[PDB]
RNA sequence: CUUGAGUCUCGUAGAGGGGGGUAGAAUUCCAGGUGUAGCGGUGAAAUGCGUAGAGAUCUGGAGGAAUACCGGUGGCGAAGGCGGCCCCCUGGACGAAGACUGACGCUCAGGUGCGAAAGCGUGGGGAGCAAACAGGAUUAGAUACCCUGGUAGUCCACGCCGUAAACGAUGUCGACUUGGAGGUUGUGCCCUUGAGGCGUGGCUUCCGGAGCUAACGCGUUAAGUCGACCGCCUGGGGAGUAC
């Protein structure tokens, strides 16, 4: 009756758009496709690679619940964007938690700087930070035992584009993209960027707060022309890339991957 | 009457003459009960390209609510005056009293 | 002749023939060479190789001036564009600036009519 | 992803040279609305501003000219 | 496309950079375009035709894609 | 176009209520004034054809209005044409 | 009487029109410097320009014409058409609310006006381009295509001409009939918590349903379902010609 109308606004009230409410129960597993049902119009074709943790093998059997993401509806048939990004929000929440007590503590282990800041990895994910953040002083973890255990003390974060440089060792110590496009500029600043869509000439890795990068086909590997970028890297994956070129005018930052 | 916005560029050797010129311009405006809402000596400035062989010039901004006859007169004066290299009298909807972004 | 350390190389690259002209920084030409002059005619002189050899010839010609530094100004569309500069480099000048100086009108004169072939 | 919609500007200013400089080429040319992602209404205004600037020698018409 | 060779920069790299700059400019293309007079009508026709082609590529092909090849 | 103040003045004079504005007579007056204004312009600018089209249209409209007035109420029309000095 | 039609208020976007200024790039020519044998052109050549110093290159000057980028199945205009920037004069469109007028409307034979390009007249101008013309090729020939030159003309003023595949090959005005993806330009609300969310108007591009259609296709911008008015067709040629 209005039973159904009320039930509709009820079901509106008991779901939201992003990957927030851990609701999809894994109702069939087959390599290489997981699939859930979070109270959406259809079931997700999940990769297996959004769900294996830190050494390669699966972690969740039938009935298990992770939220995914949304705001994109129907490409022909199907429903979602991946739950792994979901996870990013959780990471953001832990990073935010720092603010409360002015100190987020986990483990951060940063061996080296792709682009001037040691890389820190938290749980499954690994992030890149600006060069200062790795060390509190001028200590430098190059003399430290390799891939050492500390935590991360945050030095610097870019707040829009996601780059976070964190503080290893020293426990005792405690319009918008395009005007100032000189931060990752200078010749070869390495970046960690998720690829988006590979347009048979390109790969379109673009992460640093509303920009566009290409890594088109010529570098990508150490073979030139026979490569076909879909075979050689991925879809949706955070990779090794650096700038090699910026035009701040005809917004074409032309990144590379052969480095 | 009509809110104009004027920017004229003086030859850099006549930079010491500029204030007098400005005063004169103001006076004329005042004469016909015309208001002058902002007035900004930008000073000596490097040109993006060398107009009439010279590389710097002295820019003056000036916003005026005046009758069009006086504007015309001003334009005429500018054209004949050899100190002022370029001018650009340019209509505007409102008074726009707040300062320019290059002054700030 | 007065020796000069730094100068310009003007590379006039047409569809039919490349012309390389080495000059001082002020404008006064020191030497020049062409693909047509280098012993290439018609099909041959409208090629990168021809351009390169012209460039080489030009370089040879301005040996007595003792030019070390060189800025290149590349004009027009042609094969003799990249090749010529490479040749120049090989010949052994420190290439300082590489400028493009193609005359692009801002819609000015009417071009000649389109060929019917 | 237009800047002027977000800022919410009433009119683009030719005097605001820095802003203009983001939308102009290394060669001096005005950058397309595909690349910048500027809104159409604003784009025209921006272009006009640039033109004005060029007249006032605030921006250059081109890189080569002198 | 004005360029200056950086300190301890290779020649080849510089050349490449220059080429890239040129490409960006679209100077060669421009030159090609202005070689001969294009009648206004012709210009119009090309533009519209090109647009049409683009549209065809975008939508029809997308529709095709939905269905598998084998 | 006709300046706001002028328009207002016109309305006040011819319009009975002064808030009315849409009275036939008032409308006619407005048209007439505009036409008069444009005469000066068109003496100067004889090749301004596009602009003249608008003027022509306005004239036509005025004529129509006059015609309408005539059938409805003759005396009023007569008065109007005395005021404005319209030959017909 | 107020639903059609119009008037008033405030805004909005616009290559809409007319007039007058100005800017920068590029071509051409002139004067001079540097410099030395080629340049130019093509499928390949030659005519042509060059040692009387060309081409290249730099400096200065003259003058005309057009406005790169922006720039878009973008915008404006009744159509023709309209594109750097600035000012003056000026026409239309749309939206927001109200207020007013009170059928004042629609269509239109004759009539009147506007009407690309070429063309004509008189007077200016003349850089580039280029009918005609000349030479060089090509060819069996080449009164063409290609090359080198090149005059009317293109440009401005004021007149005339009154036609174009002047095309959406689709008269104008009004009403009604499933949808989707855009673009552009308003405007109301909403925590603009952000580039957004939900509407509501105008103009516009593409796809497609019913229906229609000889089919192709059209499809809320109809070529569907209807009404009002006008224009026009009656086998091909002869002929849009003769008188």
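Ideal geometry is used to build each Cβ from the backbone, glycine not excepted, and the neighbour counts take in all protein chains shown. Readers should treat all values here as calculations from the given coordinates under stated rules, not as data from a laboratory.
In nm², what is the average projected area of the convex hull enclosing the Cα atoms of the stretch B:1-59?
If you wrap the Cα atoms of the stretch B:1-59 in a convex hull and average its projections, you get 4.7 nm².
Can you give the Rg/Rh ratio of the stretch A:88-133, where Rg is from the C-alpha atoms and Rh is the Kirkwood radius?
Using Cα coordinates only, the ratio equals 0.99.
If all Cα-Cα distances of the protein assembly as shown are sorted into 10 Å bins from 0 onward, what percent lands in each bin, rounded to whole numbers?
Percent of Cα pairs in each bin: 2, 9, 13, 17, 17, 16, 13, 8, 4, 1, 0, 0.
Could you please state, rounded to a whole Å, how far the C-alpha centre of chain E is from the C-alpha centre of chain D?
Each part reduced to its Cα centre gives a spacing of 22 Å.
Starting from a Cα-only point model with no solvent, please compute log10 I(q)/I(0) by Debye for the stretch F:1-66 at q = 0.24, 0.27, 0.29 1/Å.
Summing over Cα pairs of the stretch F:1-66 leads to -1.00, -1.14, -1.22.
If a/c stays under 1.5 just call it rounded; otherwise compare a/b with b/c (prolate if a/b is bigger, oblate if not). Do that for chain E, with a ≥ b ≥ c from the square roots of the Cα gyration tensor eigenvalues.
Oblate shape, in that a/c is at least 1.5 and b/c is the bigger or equal ratio.
Give me the distance in nm between label points sitting 7 Å out from Cα along the Cα-to-Cβ direction at residue A:235 and residue D:66, one decimal.
If labels sit at residue A:235 and residue D:66, their model points lie 5.2 nm apart.
State, as an integer percentage, the relative contact order of the stretch C:2-117 based on alpha-carbon contacts under 8 Å between residues 6 or more apart.
Contact order relative to length: 28 percent.
Report Rg/Rh for the stretch C:2-117, rounded to two decimals, where Rg is the Cα radius of gyration and Rh the Kirkwood radius.
Here Rg/Rh amounts to 1.03.
Report the relative contact order of the stretch B:1-92, percent, no decimals, based on alpha-carbon pairs under 8 angstrom and at least 6 residues apart.
The value is 49 percent.
Taking neighbour Cβ counts within 10 Å as the exposure measure, how do D:33, E:50 sort from fewest upward? All intermediate terms of the calculation are to be shown ahead of the outcome.
Values: D:33 17, E:50 10.
The fewest-first ordering by Cβ neighbours comes to E:50, D:33.
Dividing the convex hull volume of the Cα atoms of the stretch A:170-234 by its residue count, what figure in Å³ per residue is obtained?
In the stretch A:170-234, the Cα hull volume divided by residue count equals 179 Å³.
Which stretch or stretches of the stretch B:20-61 have amide N atoms under 15 Å from the point lying 7 Å from residue B:73's Cα along the Cα→Cβ direction?
Correct set: B:23-36.
Just to confirm my numbers, what's the Cα centroid distance between the stretch F:37-88 and the stretch C:92-117 in Å?
59
Rounded to the nearest 10 degrees, what's the angle between the helix C:48-61 long axis and the longest principal axis of chain C, both from Cα atoms, 0 to 90?
Computed tilt is about 30 degrees.
Label 7 Å along Cα→Cβ of residue D:11; the stretch B:90-104 residues with amide nitrogen under 15 Å?
In the stretch B:90-104, the label zone of residue D:11 (backbone N under 15 Å from the point 7 Å along Cα→Cβ) covers B:90-101.
Most mobile of C:75, C:63, C:45 per a Gaussian network model of chain C (Cα springs, under 10 Å)?
Top of the fluctuation ranking is C:63.
In nm², what is the average projected area of the convex hull enclosing the Cα atoms of chain A?
For chain A, the mean projected area of the Cα convex hull comes to 18.6 nm².
Taking the Cβ of each residue in A:115, B:104, B:93 as the centre, tally the other Cβ atoms inside 10 Å and list the residues starting with the fewest.
Ascending Cβ contact count within 10 Å gives the list B:104, B:93, A:115.
State whether the stretch A:60-211 is rounded, prolate or oblate according to the following rule on the C-alpha gyration tensor (a ≥ b ≥ c being the square roots of its eigenvalues): a/c under 1.5 gives rounded; otherwise a/b larger than b/c gives prolate, and the remaining case gives oblate.
Oblate shape, in that a/c is at least 1.5 and b/c is the bigger or equal ratio.
Sticking with the crude label model, points 7 Å out along Cα→Cβ, report the distance from residue B:80 to residue E:46 in nm, one decimal please.
5.1
Can you give the mean number of other chain Cβ atoms that lie within 10 Å of the Cβ atoms in peptide A:248-256?
5
At 222 nm, what helix-only mean residue ellipticity would chain B give, in deg cm²/dmol to the nearest 500, using -39500 (n - 2.57) for each DSSP H run of four or more? Each step should come with its number before you reach the end.
Details: 2 runs with 27 residues, N = 104.
Roughly -8500 deg cm²/dmol at 222 nm, from the helical runs in chain B.
What's the Kirkwood radius of chain D in Å, using all Cα pairs?
About 12.0 Å for chain D.
With 10 angstrom as the radius, rank D:58, A:58 by how many other C-beta atoms surround their C-beta, starting from the fewest.
If I rank by nearby Cβ atoms, fewest first, I get A:58, D:58.
Return the FRET efficiency for the residue pair residue A:65, residue A:194: r is the Cβ-Cβ distance, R0 is 30 Å, and the value is rounded to the nearest 0.05.
0.75
In whole Å, how far is the Cα centre of the stretch A:204-242 from that of the stretch A:146-162?
Taking the Cα centre of the stretch A:146-162 as reference, the centre of the stretch A:204-242 is 25 Å away.
Which percent of Cα pairs goes in each bin when the distances of chain B are cut into 10 angstrom slices starting at zero?
Computed distribution, short to long bins: 15, 49, 31, 5.
Kindly state, to the nearest 0.05, the FRET efficiency for residue C:97 paired with residue B:23, given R0 = 60 Å and r defined as their beta-carbon distance.
0.80
Can you give me the angle between helix B:18-31 and the longest principal axis of chain B, using Cα atoms only, in degrees from 0 to 90, rounded to the nearest 10?
That helix lies at roughly 20 degrees to the long axis.
7 Å from Cα along Cα→Cβ at both residue C:29 and residue F:23: what's the point-to-point distance in nm?
With each label point 7 Å from Cα toward Cβ, the separation is 8.5 nm.
Using 1/(1 + (r/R0)^6) with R0 = 56 angstrom and r between the beta carbons of residue F:9 and residue B:42, what's the FRET efficiency to the nearest 0.05?
In this case the efficiency is close to 0.80.
Name the residues of the stretch A:88-112 whose amide N is less than 20 Å from a point 7 angstrom out from the Cα of residue A:20 along the C-beta direction?
A:88-97, by backbone N distance to the label point.
Kindly identify the stretch B:55-104 as rounded, prolate or oblate by the Cα gyration tensor criterion: order the square roots of the eigenvalues as a ≥ b ≥ c, call it rounded if a/c is under 1.5, otherwise compare a/b with b/c, prolate if a/b is larger, else oblate.
Values: a/c = 3.08, a/b = 1.09, b/c = 2.83.
It comes out oblate by the Cα gyration axes.
Give me the Kirkwood hydrodynamic radius of the stretch A:22-93, using the inverse of the mean 1/r over all pairs of distinct Cα atoms, in Å to one decimal.
Kirkwood radius, the stretch A:22-93: 12.5 Å.
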